[PDB]
file protein.txt (compact mmCIF, C-alpha atoms and all ligand atoms)
# COMPACT_ATOMS: atom_id res chain seq x y z
CA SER A 2 -11.57 -1.22 19.04
CA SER A 3 -10.09 -3.33 16.22
CA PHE A 4 -7.71 -6.22 16.88
CA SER A 5 -6.23 -9.09 14.91
CA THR A 6 -8.44 -11.58 16.79
CA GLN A 7 -11.62 -10.28 15.15
CA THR A 8 -13.05 -12.62 12.55
CA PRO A 9 -12.04 -11.54 9.03
CA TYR A 10 -14.48 -11.34 6.20
CA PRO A 11 -14.40 -14.36 3.84
CA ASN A 12 -11.14 -14.31 1.82
CA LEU A 13 -10.01 -11.01 3.42
CA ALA A 14 -7.61 -12.33 6.07
CA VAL A 15 -4.11 -10.81 6.06
CA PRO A 16 -1.72 -11.26 4.46
CA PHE A 17 -3.99 -10.70 1.47
CA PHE A 18 -2.97 -11.29 -2.16
CA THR A 19 -5.00 -10.68 -5.29
CA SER A 20 -4.42 -10.24 -9.00
CA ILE A 21 -4.45 -6.90 -10.80
CA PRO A 22 -6.45 -7.75 -13.96
CA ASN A 23 -4.37 -7.08 -17.10
CA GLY A 24 -1.62 -5.78 -14.83
CA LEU A 25 -1.03 -2.08 -14.38
CA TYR A 26 -1.52 0.40 -17.21
CA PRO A 27 -2.04 4.17 -17.40
CA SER A 28 -5.42 5.05 -15.76
CA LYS A 29 -5.68 1.80 -13.74
CA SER A 30 -7.11 2.44 -10.25
CA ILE A 31 -6.74 0.34 -7.09
CA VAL A 32 -8.79 0.93 -3.92
CA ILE A 33 -8.02 -0.66 -0.54
CA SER A 34 -10.32 -0.12 2.45
CA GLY A 35 -9.94 -1.35 5.99
CA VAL A 36 -9.22 -0.32 9.57
CA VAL A 37 -5.84 0.10 11.22
CA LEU A 38 -5.54 -2.14 14.28
CA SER A 39 -5.79 -0.35 17.62
CA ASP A 40 -2.29 -1.59 18.54
CA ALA A 41 -0.81 -1.35 15.05
CA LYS A 42 2.92 -0.97 14.46
CA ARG A 43 2.96 -0.91 10.63
CA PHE A 44 1.25 -2.23 7.57
CA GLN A 45 2.19 -2.37 3.91
CA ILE A 46 0.61 -2.38 0.48
CA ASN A 47 2.84 -3.86 -2.21
CA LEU A 48 2.37 -3.88 -5.96
CA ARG A 49 4.48 -6.85 -7.00
CA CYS A 50 6.01 -8.00 -10.28
CA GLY A 51 7.56 -11.45 -10.14
CA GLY A 52 10.25 -11.34 -7.50
CA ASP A 53 10.27 -7.53 -7.19
CA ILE A 54 8.13 -4.93 -5.43
CA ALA A 55 7.37 -2.17 -7.90
CA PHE A 56 5.66 -0.04 -5.24
CA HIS A 57 5.88 -0.55 -1.47
CA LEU A 58 3.57 1.71 0.57
CA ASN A 59 4.35 1.37 4.28
CA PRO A 60 2.48 3.38 6.94
CA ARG A 61 4.49 3.18 10.17
CA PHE A 62 2.80 4.11 13.45
CA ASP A 63 5.98 3.56 15.47
CA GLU A 64 7.69 6.22 13.32
CA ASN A 65 4.67 8.40 12.40
CA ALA A 66 5.62 8.07 8.75
CA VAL A 67 4.48 6.73 5.40
CA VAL A 68 7.45 5.13 3.65
CA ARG A 69 7.44 4.47 -0.10
CA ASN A 70 10.08 2.44 -1.88
CA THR A 71 10.84 -0.20 -4.52
CA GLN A 72 12.59 -3.55 -4.02
CA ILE A 73 14.47 -4.93 -7.02
CA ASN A 74 16.24 -8.30 -6.95
CA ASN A 75 15.75 -8.43 -3.17
CA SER A 76 17.30 -5.00 -2.48
CA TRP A 77 15.63 -1.74 -1.44
CA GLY A 78 16.20 1.57 -3.21
CA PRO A 79 16.04 5.05 -1.69
CA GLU A 80 12.99 5.81 0.44
CA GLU A 81 10.44 8.54 -0.17
CA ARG A 82 8.82 9.86 3.01
CA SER A 83 7.47 13.35 2.33
CA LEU A 84 3.92 14.10 3.44
CA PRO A 85 1.83 17.21 2.67
CA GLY A 86 0.43 17.32 6.19
CA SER A 87 0.08 15.05 9.17
CA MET A 88 0.21 11.24 9.27
CA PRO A 89 -2.89 10.28 7.26
CA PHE A 90 -3.50 6.96 9.08
CA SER A 91 -4.43 6.44 12.74
CA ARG A 92 -4.64 3.40 15.02
CA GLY A 93 -8.18 2.07 15.23
CA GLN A 94 -9.41 4.28 12.37
CA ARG A 95 -10.93 3.29 9.03
CA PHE A 96 -9.07 4.14 5.86
CA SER A 97 -9.57 4.11 2.12
CA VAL A 98 -6.40 4.16 0.01
CA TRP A 99 -6.70 5.06 -3.68
CA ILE A 100 -3.72 4.25 -5.93
CA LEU A 101 -3.85 5.71 -9.44
CA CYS A 102 -1.38 4.40 -12.04
CA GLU A 103 -0.41 7.11 -14.54
CA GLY A 104 2.08 6.58 -17.36
CA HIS A 105 4.96 7.99 -15.30
CA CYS A 106 3.98 7.68 -11.62
CA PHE A 107 1.57 6.49 -8.98
CA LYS A 108 -0.74 9.01 -7.34
CA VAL A 109 -1.83 7.97 -3.85
CA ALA A 110 -4.72 9.43 -1.85
CA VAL A 111 -5.94 8.46 1.63
CA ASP A 112 -9.55 9.20 2.60
CA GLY A 113 -9.70 11.56 -0.37
CA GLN A 114 -6.55 13.53 0.55
CA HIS A 115 -3.58 13.29 -1.80
CA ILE A 116 -0.54 12.13 0.12
CA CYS A 117 2.14 11.42 -2.46
CA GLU A 118 3.18 10.96 -6.05
CA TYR A 119 5.72 8.18 -6.72
CA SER A 120 7.71 8.10 -9.96
CA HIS A 121 7.70 4.71 -11.66
CA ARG A 122 10.97 2.87 -11.11
CA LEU A 123 9.87 -0.40 -12.68
CA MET A 124 8.29 0.67 -15.97
CA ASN A 125 7.03 -2.75 -17.20
CA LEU A 126 3.54 -2.01 -15.90
CA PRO A 127 1.56 -5.08 -17.14
CA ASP A 128 3.88 -7.41 -15.23
CA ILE A 129 3.00 -5.50 -12.07
CA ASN A 130 0.06 -7.80 -11.64
CA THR A 131 -0.18 -8.81 -7.95
CA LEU A 132 -1.33 -6.76 -4.98
CA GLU A 133 -0.35 -7.72 -1.43
CA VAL A 134 -1.75 -6.18 1.75
CA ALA A 135 -0.09 -7.24 4.99
CA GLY A 136 0.46 -6.11 8.55
CA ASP A 137 -1.58 -4.50 11.30
CA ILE A 138 -4.93 -3.87 9.64
CA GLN A 139 -8.24 -5.54 9.08
CA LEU A 140 -9.31 -5.47 5.44
CA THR A 141 -12.84 -4.66 4.36
CA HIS A 142 -12.70 -4.10 0.60
CA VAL A 143 -10.21 -4.33 -2.25
CA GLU A 144 -10.80 -3.42 -5.90
CA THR A 145 -8.04 -3.87 -8.48
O1 LIG A 201 12.20 1.15 2.61
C1 LIG A 201 11.27 0.08 2.75
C2 LIG A 201 11.88 -0.92 3.71
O2 LIG A 201 12.50 -0.20 4.81
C3 LIG A 201 13.10 -1.14 5.77
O3 LIG A 201 13.70 -0.45 6.81
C4 LIG A 201 14.72 0.45 6.33
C5 LIG A 201 14.60 1.73 7.12
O4 LIG A 201 13.30 2.36 6.90
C6 LIG A 201 15.66 2.70 6.79
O5 LIG A 201 15.56 3.81 7.71
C7 LIG A 201 17.05 2.11 6.85
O6 LIG A 201 17.41 1.89 8.17
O7 LIG A 201 17.15 0.82 6.13
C8 LIG A 201 16.12 -0.13 6.54
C9 LIG A 201 16.37 -1.39 5.75
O8 LIG A 201 16.13 -1.14 4.37
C10 LIG A 201 12.06 -2.12 6.31
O9 LIG A 201 12.70 -3.08 7.17
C11 LIG A 201 11.37 -2.83 5.20
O10 LIG A 201 10.32 -3.68 5.77
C12 LIG A 201 10.80 -1.91 4.19
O11 LIG A 201 9.72 -1.18 4.75
NA NA A 202 1.46 -7.45 13.43
call {"tool": "encode", "arguments": {"input": "protein.txt", "output": "structure tokens"}}
result
Amino acid sequence: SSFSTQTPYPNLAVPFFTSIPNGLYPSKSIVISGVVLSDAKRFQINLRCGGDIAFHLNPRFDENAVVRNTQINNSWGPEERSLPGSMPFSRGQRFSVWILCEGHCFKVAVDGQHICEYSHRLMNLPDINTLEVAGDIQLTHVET
């Protein structure tokens, strides 16, 4: 019961880009809320610094997976895929993703359940200053 043809909220169409004020720093929180499309294949949340993706968070409904990675100078590193339980996103279902930036890693929770910790690979946190949300979701709220 959610499809890409539904009218987005003002300024919340996808792909969505917004600034992270002051860039990342230890204790900085980001919250992204929305609904996965009923026919979703994948979507991604990217914390970007210049031409690189410091943190790529990629729920995949075709693979029943949540892929995490970093892209540096247009190349991908090794993927992290471990999950504590089942696939925390579902087609047609609302989600709230909380990303916590600590000094050494990201902590990521979905609907209040921790799903992964991701060690910082790009450590210049204040340059990680752009958030992108793209793919098969409708967005309802973003706080950075
Ligand atoms: O790792 C993030 C990127 O993965 C790309 O696909 C990978 C794939 O997951 C992996 O199994 C292997 O085959 O290499 C592919 C190319 O890196 C996605 O295409 C890309 O969008 C990112 O999600
Ligand atoms: Na799509």
call {"tool": "atom_distance", "arguments": {"input": "protein.txt", "atom1": "atom CA of residue A:121", "atom2": "atom CA of residue A:106"}}
result
4.8 Å
call {"tool": "residues_near_ligand", "arguments": {"input": "protein.txt", "ligand": "ligand NA 202 (chain A)", "cutoff": "9 Å", "atoms": "only C-alpha atoms and all ligand atoms", "output": "PyMOL selection string"}}
result
chain A and resi 5+38+40-44+135-138
call {"tool": "residues_around", "arguments": {"input": "protein.txt", "residues": "residue A:12", "least_positions_apart": "5", "cutoff": "12 Å", "atoms": "all atoms listed in the file", "output": "MDAnalysis selection string"}}
result
chainID A and resid 17:19 139:143
call {"tool": "residues_near_ligand", "arguments": {"input": "protein.txt", "ligand": "ligand LIG 201 (chain A)", "cutoff": "10 Å", "atoms": "all atoms listed in the file", "output": "JSON, numbers by chain"}}
result
{"A": [43, 44, 45, 56, 57, 58, 59, 60, 61, 64, 66, 67, 68, 69, 70, 71, 72, 76, 77, 78, 79, 80, 81, 82]}
call {"tool": "atom_distance", "arguments": {"input": "protein.txt", "atom1": "atom CA of residue A:109", "atom2": "atom CA of residue A:10"}}
result
25.2 Å
call {"tool": "closest_residue", "arguments": {"input": "protein.txt", "among": "A:50, A:129, A:13, A:31", "to": "residue A:144", "atoms": "all atoms listed in the file"}}
result
A:31
call {"tool": "atom_distance", "arguments": {"input": "protein.txt", "atom1": "atom CA of residue A:130", "atom2": "atom CA of residue A:92"}}
result
29.3 Å
call {"tool": "residues_around", "arguments": {"input": "protein.txt", "residues": "residue A:114", "least_positions_apart": "2", "cutoff": "12 Å", "atoms": "all atoms listed in the file", "output": "ChimeraX atom specification"}}
result
/A:84-90,96-100,108-112,116-117
call {"tool": "closest_residue", "arguments": {"input": "protein.txt", "among": "A:46, A:21, A:55, A:33", "to": "residue A:125", "atoms": "all atoms listed in the file"}}
result
A:55
call {"tool": "closest_residue", "arguments": {"input": "protein.txt", "among": "A:35, A:54, A:73, A:93", "to": "residue A:2", "atoms": "all atoms listed in the file"}}
result
A:93
call {"tool": "closest_residue", "arguments": {"input": "protein.txt", "among": "A:36, A:6, A:119, A:51", "to": "residue A:74", "atoms": "all atoms listed in the file"}}
result
A:51
call {"tool": "closest_residue", "arguments": {"input": "protein.txt", "among": "A:115, A:49, A:95, A:29", "to": "residue A:3", "atoms": "all atoms listed in the file"}}
result
A:95
call {"tool": "closest_residue", "arguments": {"input": "protein.txt", "among": "A:11, A:107, A:53, A:94", "to": "residue A:75", "atoms": "only C-alpha atoms"}}
result
A:53
call {"tool": "axis_aligned_box", "arguments": {"input": "protein.txt", "around": "stretch 47-60 of chain A", "padding_each_side": "6 Å", "output": "AutoDock Vina command-line options"}}
result
--center_x 6.3 --center_y -4.0 --center_z -1.7 --size_x 19.9 --size_y 26.8 --size_z 29.2
call {"tool": "decode", "arguments": {"input": "protein.txt", "residues": "stretch 72-89 of chain A", "atoms": "N, CA and C atoms", "output": "PDB file, in the first residue's frame"}}
result
ATOM      1  N   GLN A  72      32.717   3.557  -0.067  1.00  0.00           N
ATOM      2  CA  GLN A  72      33.235   3.755  -1.415  1.00  0.00           C
ATOM      3  C   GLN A  72      34.257   4.882  -1.368  1.00  0.00           C
ATOM      4  N   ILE A  73      35.493   4.580  -1.750  1.00  0.00           N
ATOM      5  CA  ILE A  73      36.569   5.562  -1.734  1.00  0.00           C
ATOM      6  C   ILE A  73      37.127   5.673  -3.140  1.00  0.00           C
ATOM      7  N   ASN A  74      37.212   6.902  -3.645  1.00  0.00           N
ATOM      8  CA  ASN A  74      37.716   7.162  -4.991  1.00  0.00           C
ATOM      9  C   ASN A  74      37.061   6.217  -5.995  1.00  0.00           C
ATOM     10  N   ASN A  75      35.732   6.140  -5.902  1.00  0.00           N
ATOM     11  CA  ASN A  75      34.873   5.397  -6.820  1.00  0.00           C
ATOM     12  C   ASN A  75      35.113   3.887  -6.781  1.00  0.00           C
ATOM     13  N   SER A  76      35.649   3.342  -5.687  1.00  0.00           N
ATOM     14  CA  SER A  76      35.733   1.892  -5.539  1.00  0.00           C
ATOM     15  C   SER A  76      35.181   1.448  -4.186  1.00  0.00           C
ATOM     16  N   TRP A  77      34.512   0.297  -4.184  1.00  0.00           N
ATOM     17  CA  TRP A  77      33.917  -0.277  -2.983  1.00  0.00           C
ATOM     18  C   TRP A  77      34.916  -1.137  -2.220  1.00  0.00           C
ATOM     19  N   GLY A  78      34.863  -1.052  -0.892  1.00  0.00           N
ATOM     20  CA  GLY A  78      35.635  -1.920  -0.035  1.00  0.00           C
ATOM     21  C   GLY A  78      34.900  -3.211   0.269  1.00  0.00           C
ATOM     22  N   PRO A  79      35.350  -3.929   1.296  1.00  0.00           N
ATOM     23  CA  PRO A  79      34.666  -5.167   1.684  1.00  0.00           C
ATOM     24  C   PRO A  79      33.324  -4.882   2.348  1.00  0.00           C
ATOM     25  N   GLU A  80      32.338  -5.726   2.043  1.00  0.00           N
ATOM     26  CA  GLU A  80      30.999  -5.553   2.590  1.00  0.00           C
ATOM     27  C   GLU A  80      30.888  -6.119   4.002  1.00  0.00           C
ATOM     28  N   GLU A  81      30.011  -5.510   4.792  1.00  0.00           N
ATOM     29  CA  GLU A  81      29.583  -6.059   6.069  1.00  0.00           C
ATOM     30  C   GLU A  81      28.087  -6.343   5.994  1.00  0.00           C
ATOM     31  N   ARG A  82      27.703  -7.580   6.308  1.00  0.00           N
ATOM     32  CA  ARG A  82      26.332  -8.027   6.123  1.00  0.00           C
ATOM     33  C   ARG A  82      25.692  -8.636   7.358  1.00  0.00           C
ATOM     34  N   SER A  83      26.431  -8.827   8.446  1.00  0.00           N
ATOM     35  CA  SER A  83      25.898  -9.572   9.575  1.00  0.00           C
ATOM     36  C   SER A  83      24.677  -8.872  10.150  1.00  0.00           C
ATOM     37  N   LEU A  84      23.708  -9.673  10.582  1.00  0.00           N
ATOM     38  CA  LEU A  84      22.522  -9.170  11.257  1.00  0.00           C
ATOM     39  C   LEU A  84      22.290  -9.968  12.532  1.00  0.00           C
ATOM     40  N   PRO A  85      21.847  -9.316  13.612  1.00  0.00           N
ATOM     41  CA  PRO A  85      21.571 -10.060  14.850  1.00  0.00           C
ATOM     42  C   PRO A  85      20.373 -10.978  14.733  1.00  0.00           C
ATOM     43  N   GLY A  86      19.369 -10.601  13.954  1.00  0.00           N
ATOM     44  CA  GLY A  86      18.217 -11.450  13.777  1.00  0.00           C
ATOM     45  C   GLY A  86      17.752 -11.438  12.343  1.00  0.00           C
ATOM     46  N   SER A  87      16.452 -11.295  12.150  1.00  0.00           N
ATOM     47  CA  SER A  87      15.907 -11.301  10.805  1.00  0.00           C
ATOM     48  C   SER A  87      16.049  -9.923  10.160  1.00  0.00           C
ATOM     49  N   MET A  88      15.845  -9.899   8.851  1.00  0.00           N
ATOM     50  CA  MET A  88      15.791  -8.699   8.029  1.00  0.00           C
ATOM     51  C   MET A  88      14.909  -7.645   8.692  1.00  0.00           C
ATOM     52  N   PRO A  89      15.477  -6.518   9.122  1.00  0.00           N
ATOM     53  CA  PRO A  89      14.719  -5.558   9.928  1.00  0.00           C
ATOM     54  C   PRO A  89      13.829  -4.614   9.135  1.00  0.00           C
TER      55      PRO A  89
END
